[PDB]
Structures are given as C-alpha cells and as structure tokens.
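Reproduced below: model-v2.cif, with mmCIF, N, CA and C atoms and all ligand atoms.
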```
data_query
loop_
_atom_site.label_atom_id
_atom_site.label_comp_id
_atom_site.auth_asym_id
_atom_site.auth_seq_id
_atom_site.Cartn_x
_atom_site.Cartn_y
_atom_site.Cartn_z
N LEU A 1 4.58 -14.21 3.99
CA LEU A 1 4.89 -13.69 2.63
C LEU A 1 5.90 -12.55 2.75
N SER A 2 6.29 -12.03 1.59
CA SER A 2 6.97 -10.76 1.46
C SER A 2 5.98 -9.61 1.30
N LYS A 3 4.67 -9.88 1.30
CA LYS A 3 3.65 -8.86 1.06
C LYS A 3 2.92 -8.57 2.35
N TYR A 4 2.76 -7.28 2.59
CA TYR A 4 2.14 -6.80 3.81
C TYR A 4 1.00 -5.89 3.38
N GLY A 5 -0.20 -6.26 3.78
CA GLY A 5 -1.41 -5.67 3.26
C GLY A 5 -2.00 -4.60 4.17
N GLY A 6 -2.82 -3.77 3.53
CA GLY A 6 -3.57 -2.77 4.23
C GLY A 6 -4.58 -2.12 3.32
N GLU A 7 -4.91 -0.87 3.63
CA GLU A 7 -5.91 -0.11 2.88
C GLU A 7 -5.36 1.28 2.59
N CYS A 8 -5.79 1.84 1.46
CA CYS A 8 -5.26 3.13 1.04
C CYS A 8 -6.25 4.27 1.31
N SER A 9 -5.68 5.47 1.46
CA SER A 9 -6.39 6.73 1.56
C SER A 9 -6.36 7.45 0.22
N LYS A 10 -7.54 7.70 -0.35
CA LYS A 10 -7.61 8.43 -1.60
C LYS A 10 -7.20 9.89 -1.40
N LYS A 11 -7.63 10.52 -0.30
CA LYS A 11 -7.31 11.91 -0.06
C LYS A 11 -5.81 12.13 0.10
N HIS A 12 -5.12 11.22 0.78
CA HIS A 12 -3.72 11.40 1.09
C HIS A 12 -2.78 10.66 0.16
N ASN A 13 -3.31 9.74 -0.64
CA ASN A 13 -2.54 8.82 -1.47
C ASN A 13 -1.50 8.07 -0.65
N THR A 14 -1.98 7.43 0.43
CA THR A 14 -1.17 6.62 1.33
C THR A 14 -1.74 5.21 1.40
N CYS A 15 -0.88 4.29 1.86
CA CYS A 15 -1.22 2.93 2.18
C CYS A 15 -0.86 2.71 3.64
N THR A 16 -1.82 2.22 4.44
CA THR A 16 -1.53 1.85 5.81
C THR A 16 -1.52 0.32 5.86
N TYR A 17 -0.34 -0.27 6.07
CA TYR A 17 -0.19 -1.72 6.04
C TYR A 17 0.26 -2.28 7.38
N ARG A 18 -0.04 -3.57 7.60
CA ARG A 18 0.33 -4.25 8.83
C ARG A 18 1.62 -5.03 8.63
N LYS A 19 2.58 -4.85 9.53
CA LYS A 19 3.83 -5.60 9.49
C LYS A 19 4.41 -5.62 10.91
N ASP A 20 4.82 -6.80 11.37
CA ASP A 20 5.46 -6.96 12.67
C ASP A 20 4.61 -6.44 13.82
N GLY A 21 3.28 -6.60 13.71
CA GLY A 21 2.35 -6.23 14.76
C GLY A 21 1.97 -4.76 14.75
N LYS A 22 2.51 -3.96 13.81
CA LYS A 22 2.32 -2.54 13.79
C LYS A 22 1.75 -2.12 12.45
N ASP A 23 1.08 -0.96 12.45
CA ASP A 23 0.64 -0.35 11.22
C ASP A 23 1.64 0.70 10.77
N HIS A 24 1.86 0.76 9.47
CA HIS A 24 2.85 1.64 8.88
C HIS A 24 2.16 2.39 7.75
N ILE A 25 2.34 3.71 7.68
CA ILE A 25 1.72 4.51 6.63
C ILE A 25 2.83 4.92 5.67
N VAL A 26 2.69 4.53 4.39
CA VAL A 26 3.64 4.88 3.35
C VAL A 26 2.86 5.58 2.22
N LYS A 27 3.48 6.55 1.57
CA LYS A 27 2.88 7.07 0.35
C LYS A 27 2.73 5.95 -0.68
N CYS A 28 1.58 5.96 -1.36
CA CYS A 28 1.46 5.19 -2.58
C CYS A 28 2.32 5.81 -3.66
N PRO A 29 2.60 5.05 -4.73
CA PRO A 29 3.17 5.69 -5.93
C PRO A 29 2.25 6.78 -6.46
N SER A 30 2.85 7.70 -7.20
CA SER A 30 2.09 8.66 -7.99
C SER A 30 1.73 8.15 -9.38
N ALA A 31 2.22 6.96 -9.75
CA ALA A 31 1.95 6.36 -11.04
C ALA A 31 0.46 6.07 -11.18
N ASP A 32 -0.02 6.25 -12.42
CA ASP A 32 -1.45 6.22 -12.69
C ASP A 32 -2.11 4.92 -12.24
N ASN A 33 -1.44 3.78 -12.47
CA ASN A 33 -2.03 2.47 -12.24
C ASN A 33 -1.49 1.81 -10.98
N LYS A 34 -0.96 2.63 -10.05
CA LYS A 34 -0.58 2.18 -8.73
C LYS A 34 -1.05 3.12 -7.61
N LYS A 35 -1.42 4.37 -7.90
CA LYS A 35 -1.88 5.30 -6.88
C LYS A 35 -3.24 4.90 -6.31
N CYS A 36 -3.57 5.46 -5.14
CA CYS A 36 -4.89 5.20 -4.56
C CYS A 36 -5.98 5.96 -5.29
N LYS A 37 -6.72 5.27 -6.15
CA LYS A 37 -7.83 5.86 -6.89
C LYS A 37 -9.19 5.60 -6.24
N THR A 38 -9.28 4.59 -5.37
CA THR A 38 -10.54 4.20 -4.75
C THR A 38 -10.28 4.18 -3.27
N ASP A 39 -11.01 5.01 -2.51
CA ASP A 39 -10.74 5.09 -1.09
C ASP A 39 -10.90 3.72 -0.44
N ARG A 40 -9.95 3.38 0.44
CA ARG A 40 -9.95 2.12 1.20
C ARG A 40 -9.63 0.91 0.34
N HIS A 41 -9.11 1.11 -0.87
CA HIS A 41 -8.72 -0.03 -1.68
C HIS A 41 -7.61 -0.77 -0.96
N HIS A 42 -7.56 -2.09 -1.17
CA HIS A 42 -6.45 -2.87 -0.70
C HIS A 42 -5.15 -2.32 -1.28
N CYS A 43 -4.11 -2.34 -0.48
CA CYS A 43 -2.79 -1.96 -0.89
C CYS A 43 -1.79 -2.90 -0.25
N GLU A 44 -0.58 -2.94 -0.79
CA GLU A 44 0.45 -3.85 -0.32
C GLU A 44 1.82 -3.17 -0.38
N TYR A 45 2.62 -3.40 0.66
CA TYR A 45 4.04 -3.19 0.62
C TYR A 45 4.68 -4.55 0.42
N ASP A 46 5.51 -4.65 -0.61
CA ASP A 46 6.19 -5.87 -0.96
C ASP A 46 7.66 -5.67 -0.57
N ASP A 47 8.12 -6.36 0.48
CA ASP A 47 9.48 -6.10 0.94
C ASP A 47 10.50 -7.00 0.23
N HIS A 48 10.06 -7.77 -0.78
CA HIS A 48 10.95 -8.45 -1.71
C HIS A 48 11.31 -7.52 -2.85
N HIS A 49 10.27 -7.02 -3.55
CA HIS A 49 10.42 -6.07 -4.64
C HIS A 49 10.72 -4.64 -4.15
N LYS A 50 10.46 -4.34 -2.86
CA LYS A 50 10.62 -3.00 -2.31
C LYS A 50 9.70 -2.02 -3.02
N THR A 51 8.41 -2.37 -3.07
CA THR A 51 7.40 -1.60 -3.79
C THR A 51 6.13 -1.46 -2.97
N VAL A 52 5.38 -0.42 -3.31
CA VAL A 52 4.04 -0.20 -2.83
C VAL A 52 3.11 -0.20 -4.03
N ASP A 53 1.91 -0.76 -3.87
CA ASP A 53 0.90 -0.67 -4.90
C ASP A 53 -0.44 -0.48 -4.20
N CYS A 54 -1.18 0.56 -4.58
CA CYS A 54 -2.48 0.88 -4.02
C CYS A 54 -3.61 0.53 -4.96
N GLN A 55 -3.30 -0.22 -6.01
CA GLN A 55 -4.25 -0.84 -6.94
C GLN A 55 -3.88 -2.31 -7.09
N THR A 56 -3.83 -3.02 -5.96
CA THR A 56 -3.52 -4.44 -6.03
C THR A 56 -4.59 -5.19 -6.80
N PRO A 57 -4.23 -6.26 -7.51
CA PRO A 57 -5.21 -7.05 -8.28
C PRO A 57 -6.09 -7.87 -7.36
CL CL B 1 0.87 0.32 15.60
CL CL B 2 6.82 -1.13 19.55
CL CL B 3 -8.69 1.49 -7.99
#
```
Translate the structure described by the file into structure tokens.
Amino acid sequence: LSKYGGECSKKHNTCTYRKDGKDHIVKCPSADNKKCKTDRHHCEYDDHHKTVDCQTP
C-alpha cells in the first residue's frame, strides 16, 4: 500500500510507523480529529497523500 501503520503516543502526540523494515516516529497533526487522543491508537503515514493521521478509522 501507500499506507504505513503504527501506534501513537498520547503524551508526545507522535506516530511510530513501520516502513522499509524500520520504525519511524513522526508528529501527529495537531488537528482535533487527527491528533493522538487515545494512547496506542493505530496511526498511519500515507505516502500517497503525504499525511499522518493518529485517529485512523
Ligand atoms: Cl528501526
Ligand atoms: Cl539501516
Ligand atoms: Cl481516538
């Protein structure tokens, strides 16, 4: 896919996702409906849209 999944940190508002055999930590958005609101929630980096979302559906 273009989507690379991981889990978010509520304290840090980060997403740690897996891509190319490595883990990568990116800030989540600060937007209300994309930030990490629930610790360890699934999150995704989408390298098609060039976006992060820490409230994936
Ligand atoms: Cl790694
Ligand atoms: Cl390496
Ligand atoms: Cl949430």
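Every protein, DNA or RNA residue with an atom at most 10 Å from residue 24 in chain A, where only C-alpha atoms count and chain neighbours fewer than 2 positions away do not, is listed here: residues 4, 6, 14, 15, 16, 17, 18, 19, 20, 21, 22, 26 and 45 of chain A.
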note - CA of residue 2 in chain A and atom C of residue 53 in chain A are separated by 13.9 Å
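With CA of residue 40 in chain A on one side and atom CL of ligand CL 2 (chain B) on the other, the separation reads 25.1 Å.
Atom pair CA of residue 49 in chain A / CA of residue 9 in chain A has a distance of 22.0 Å (rounded to one decimal).
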From the list A:25, A:54, A:8, A:31, the nearest residue to ligand CL 1 (chain B) using only C-alpha atoms and all ligand atoms is A:25
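Here the residues that fall within 12 Å of (5.4, -15.3, 2.5), using only C-alpha atoms, are given as residues 1, 2, 3, 4, 5, 46, 47 and 48 of chain A.
Near ligand CL 3 (chain B), at distances of 8 Å or less and with only C-alpha atoms and all ligand atoms counted, sit the residues residues 33, 35, 36, 37, 38, 41, 54 and 55 of chain A.
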Please report, as a PyMOL selection string, each residue of chain A to which DSSP assigns strand (DSSP E or B) when run on this structure's backbone. chain A and resi 3-9+14-19+22-27+42-46+51-53
